[PDB]
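Each chain, written out:
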Amino acid sequence: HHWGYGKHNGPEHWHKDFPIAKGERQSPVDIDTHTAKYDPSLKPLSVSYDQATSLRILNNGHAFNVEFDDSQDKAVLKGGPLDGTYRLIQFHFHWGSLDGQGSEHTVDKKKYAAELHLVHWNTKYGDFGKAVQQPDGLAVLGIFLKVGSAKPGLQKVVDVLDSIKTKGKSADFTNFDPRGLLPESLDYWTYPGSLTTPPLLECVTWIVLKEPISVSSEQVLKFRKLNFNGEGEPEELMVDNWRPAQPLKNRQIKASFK
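Residues numbered from 1 in each chain as written, not as in the entry; some residues may be left out. Heavy atoms only, no water.

Per the PDB record, the structure was determined using X-ray crystallography to 1.82 Å resolution.

With the PDB entry as reference, the chain is termed CARBONIC ANHYDRASE II, source organism Homo sapiens. In the PDB, the structure is listed with the title "STRUCTURE OF NATIVE AND APO CARBONIC ANHYDRASE II AND SOME OF ITS ANION-LIGAND COMPLEXES". In UniProt, the chain has this text filed under Subunit (literature references left out): "Interacts with SLC4A4. Interaction with SLC4A7 regulates SLC4A7 transporter activity. Interacts with SLC26A6 isoform 4 (via C-terminus cytoplasmic domain)." (UniProt positions renumbered as here; feature names shortened; annotations may be inferred.)

(A) Structural detail: the UniProt feature "domain: Alpha-carbonic anhydrase" in the chain. The feature "domain: Alpha-carbonic anhydrase", as given by UniProt, occupies residues 1–257 in the numbering adopted here. For residues 1–257, helix accounts for 8% and strand for 29%, while the C-alpha atoms at its two ends are 44 Å apart. (Helix = DSSP H or I, 4+ residues; strand = E, 2+ residues; numbered from the N terminus.)

(B) Local environment of the UniProt feature "active site" in the chain. Taking the numbering used here, the UniProt-annotated feature "active site" corresponds to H62. Position of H62 among the secondary structure elements: in the loop between β4 (54–59) and β5 (64–68). Non-local contacts of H62, meaning those with residues more than four positions away in its chain, are made with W3, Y5, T197, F228, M238 and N241. (Contact = heavy atoms within 4.5 Å.)

(C) Highlighting the side chain of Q219. Along the chain, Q219 falls in helix α4 (residues 217–223). Those residues in contact with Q219 that lie beyond four places of it in its chain are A150, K151, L154, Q155 and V158.

(D) The environment of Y188, seen in detail. Inspection of the secondary structure puts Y188 in strand β12 (residues 188–193). Judged by its relative accessible area of 1%, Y188 is buried. Spatially, the C-alpha atom of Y188 lies 23 Å from that of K74, the residues being 114 residues apart in sequence. From its side chain, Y188 meets the backbone oxygen of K43 in a polar contact 2.7 Å long. (Buried < 20%, exposed > 50% of the residue type's maximum accessible area, 1.4 Å probe, protein only. Polar contact = N/O pair within 3.5 Å; in protein donor to acceptor, adjacent residues only side chain to side chain.)

(E) Examining the nonpolar core more closely. With 49 residues, the main nonpolar core has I57, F64, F91, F93 and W95 as its most contacted residues. Contributions of two or more residues to this core are made by β5, β7 (86–95), β9 (114–122), β10 (138–147), α3 (155–160), β13 (204–209), β14 (213–215) and α4. Per element, the largest residue contribution to this core is five residues, and it comes from β7. (Core = buried A, V, L, I, M, F, W, Y, C linked by side-chain atoms within 4.5 Å.)

Rendered as structure tokens:
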């Protein structure tokens, strides 16, 4: 029926409705650190989020999205392996039922507790919908979360989850600064890949940060209280909404550092 993360509609079944699931540039992947090639020609990333305008937070039934105003060049990503400017449209997370799983990308097979995706689209394409149809339409910044100390900047997000508990619920969410979710270092790995949920389009340049951010056990606990179901349906907690690693095939992972 419709896709999800269960036994009957889970990642292993997506190919029936989205044949691109078995494509040549699917994400996520395992990052083998000893096989990644340092490329001295990659430039430092440029994150300009000082003018970011958040608008809303929504439970879409597969995760929660924080959405931003992308009608102008307010929060953009450039540099790194990118040509052109990419505007931030939304961020979302992927997490586990336990602290030992939850990320989509893995590092030398290590799984993190969660993974944050900051989604950006190439301005040359005019809108998000046109950008997903192009090989270089999107740039996603992935950041791993490990459990340790609390991340102060994530607390405003944690506190509004009670209000968007079930599918289709949304809440006003203005004045959130995504700079509070960045690690100290911007060192990264990069490879050409895809969206990690249907429609799984191969239009992403992935930018995976080497340095994880830490969140407290209590912070991650609140994510696991969300629901997949809609209001008044039998309760199914929103946990394990991650797609396992896909074959690298003909691709190279490059590193910005040695």
